[PDB]
Every structure is written in C-alpha cells, then in structure tokens.
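For reference, the structure discussed in these notes is given below.
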Amino acid sequence: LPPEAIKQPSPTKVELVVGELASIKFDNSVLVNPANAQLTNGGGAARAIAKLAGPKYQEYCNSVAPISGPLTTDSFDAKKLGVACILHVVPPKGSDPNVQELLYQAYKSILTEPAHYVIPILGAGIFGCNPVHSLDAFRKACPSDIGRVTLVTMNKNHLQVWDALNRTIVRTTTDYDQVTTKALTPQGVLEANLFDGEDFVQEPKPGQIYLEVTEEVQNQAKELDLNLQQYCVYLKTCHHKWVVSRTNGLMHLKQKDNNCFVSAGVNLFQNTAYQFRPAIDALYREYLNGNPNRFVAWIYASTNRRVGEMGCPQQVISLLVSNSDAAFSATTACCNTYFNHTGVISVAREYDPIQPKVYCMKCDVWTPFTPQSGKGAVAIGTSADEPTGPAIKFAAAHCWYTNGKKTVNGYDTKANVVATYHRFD
Ligand SMILES: [Zn+2]
C-alpha cells in the first residue's frame, strides 16, 4: 500500500529473471518474502531478504511474532535498492491437499494492487512444491493490467517450464502430407494463419490438424484457381485412390464413388483439341500417365463436390474448357455480325446437339454461326435429340461419354444429351 509504489494500470509483461534477489533491477517495488508463520527467515529467499533489509527488520518481525495472513512491512535497509516494502506470505508446504489451490490463493494473496512485484517462485526447498504448478498457479492468478512483474528463480530450468506453460501445442500442415506439431505463443498462433477448412482459427483445439496458410499456400491455391476452402478439399482429395485405364483411345476413370460426372467430363475433353494452361496441363499429364489423383482432386474442389457425392458433368467440361486455350471467332447466320467466344457455349434455349448456336443480342434469337478461327466449340444445354459426335448423356443420375456413333462408355438407352463437341471442318 505505500503511495510511492503505485503505478497506474498497464498491460502486464511478466519477466522471469535468473540470479538472486540482490541482483534485481528495482523500482519502488513490492518484494515478496516467502516466509513461515514465525518469520524466522530461516533460509531460502526469506533469509536472503532478511540480510538485505537489516537487523532492525528482523527485530520488528519477531515483535509481530506469529502471522496468520499476509503482512506488509517497510523495506528498512533495502530501501536504498528501490524496494518500497516487503510482503510476507506463507506458501503451502506442497505435501497436502490441495497444494495447487493453496498455491493459487497465495499468488492471489500477493497480486492485489497496481505495483511492481518481485516474486521468488513459491514452493522452493526440499519441503517445496512442483515448480510447474507454482508457475501455473501464478498465471492463473496474475491480473491482466498489473504492468511489469518480476519472478526470481536460480534454477535455470524454470525459464523453460515458464516458456512451455505459455505455449499451446498445435498440429499444422501446408500439405496434408507432412504434419508438424508446434508449440506456439498466442502471438505465434496468429502468425501461423491457422486455417480450419472454413475460416482462420485463433485458438486451436488440441489434436486437430490445421492448414498453416503460408504465402506458398496462397500462391498454390491461386495457381489452381481455388480459394482456401476449396484448396483444403483439394489437398485431402489427393489421397483418394482411383483406377485409370486406356479404353476406346482415351484414358478412362474407372467408375467409383459417384465419380461418373468426372469421367464423362474428362472423356469429352480428351476428344477435343484444347490445351490446358501450364499449371493444369501438369496435373493432366499425370492423369494421362496413370496418376489421376491431383487432376481429379482439382476437379472436385473446383466444382465444390466431395467424393461419394454426385455432381454435374456440364460443370466439369466447362471447368476444363475455360482452363484451356479454347476460343473461336465467327459470324452470325441471322445478321453476319462478327464475334469472339472463349470457353464453352451455354446454349440456354434451342439447344441442338448437331447445330451449335449463340445468342445474338441484335436480333434476339439463338442463331447458328460460321467459324472464322479456332478448332471447335463445346456447347452445353439439354435436349432429348441424339448427337452425331462426341457428347455427354445424362439419365437416371448416371452420365457417360459417347462418341457420336453409339461408341459408349456407359448405357445405350434414351437419355438427354447435356454437352457436345463440334469440330470445325
Ligand atoms: Zn443477329
């Protein structure tokens, strides 16, 4: 309570200092004395304080004789050093229940006013307490606004016990290949950019694996055109085992786990003349050689599906084509307007599996067209008519590639066609 010891609230910054009490950099400090009820100052920190405060200090302690609760005392001789006063508390002797509660109510007993505290860690001695409990009791009791605080050790292993108690164990990956377990400070946790699969996480649950979103992660996602939710899905789907198989001139993705929407899209694509942009052609040349894993996982993450779930083959072929060099120019049949078109044609009305069309804004009709450049075009829509070239048919929640002439990788019933490829010749 001495008025010269008061400092107005400030965010607490604890410091754990090495050597003995005489060493400390004081500042009108409250020096804590871990004592017995008779203030004999027998040994430990308590005798080191007693032979610092002087003999008149020790006589006044004998006057007041047995102490039941904490006692505040002037600092006597130690005032020269910057000690405003001395606070006496009786640690529990670490051999009784419950010692860590009494440890906690000992530090609570100490840290009550906004002052600079210097504290020998409680429970030293062979009659003492586990120092990890003491350091833990202290963080449980330390208020958040009580500025600079100094603990005092002389054990040189306690700087680790301290560092560990203020770190949380986090499992992280950039990969879903190698997983790394880290001990992070509440600062390191936010520097880690821990990602849940949905959102960033500033208190990780134990045992759970988090994506550490480095800048290499961000660049990889963007090379693949995925946000981070998608990128996580992508990394995990790379672990699915698939079988691919040369059949009908193309590498086919064996039916499994509702993946037909993928095989149908990739098989149409294989019967066009398009070339993927560099990042994606790298996945694709793996698939074409027997490593379907990355390319297929990219398909699922780009179209927001999970393996086992069944998706849209138009989604797939449109994803593939837009990541390629697909483009053509032409003139309309309705008014001979020149135009350019990249990606698939989405023929929303008047879809004709043997006559591809575009929408003319001028005449407000779905018109055929005469190509001036490019190699072909993919059209998507739905009609019951039959195609005469590479197409995709969808019926009864199954979908499959068919070249124009029966030539099928699935059934040969009546089915809507949902995508067709039209070469220009
Ligand atoms: Zn027109």
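Taken together, the values in this text are just the output of simple stated rules run on the coordinates, not laboratory data. Methodologically, a virtual Cβ is constructed for each residue, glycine included, from the backbone with ideal geometry; neighbour enumeration extends over all protein chains shown.
Miscellaneous remarks
- Cα gyration tensor shape for region 310-401, rounded if a/c is under 1.5, else prolate or oblate: prolate
- Gyration tensor (alpha-carbon) shape descriptor, region 263-302, a/c threshold 1.5: rounded
- Region 21-113: C-alpha gyration tensor shape, a/c 1.5 cut-off, then a/b vs b/c: prolate
- Each stretch of four or more DSSP H residues adds -39500 (n - 2.57); spread over every residue of the chain, this sum gives -8000 deg cm²/dmol at 222 nm.
- Beta bridges by DSSP in the chain, antiparallel share as percent, to the nearest 5: 65 percent
- Potential lengthening between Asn340 and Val408 on full extension [0.36 nm per residue; Cα-Cα distance subtracted]: 21.2 nm
- For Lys205, the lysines whose Cα falls under 21 Å of its own Cα, not counting residues fewer than eight places away in the same chain, are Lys140, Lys182, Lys236.
- The count of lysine pairs in region 1-95 that are at least 8 places apart or cross chains, and whose C-alpha atoms lie under 16 Å apart, stands at 7.
- Extending 7 Å from Cα along the Cβ direction at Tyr60 and again at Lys93 yields two label points whose distance is 2.9 nm.
- Kirkwood hydrodynamic radius of the chain, from the reciprocal of the average inverse Cα-Cα distance over all distinct pairs: 27.8 Å.
- Highest mean packing first, where packing is the average number of other Cβ atoms within 10 Å per residue, the peptides 8-14, 330-336 line up as 330-336, 8-14.
- Per-residue extension of 0.36 nm, minus the Cα-Cα distance of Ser245 and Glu198, leaves a gain of 13.4 nm for this segment.
- Only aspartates and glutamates eight or more places from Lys414 in sequence, or on another chain, were considered; those with a Cα closer than 15 Å are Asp385, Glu386.
- In summary, the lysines within cross-link reach of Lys241, defined as a Cα separation below 21 angstrom excluding same-chain residues under 8 places away, comprise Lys254, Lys256.
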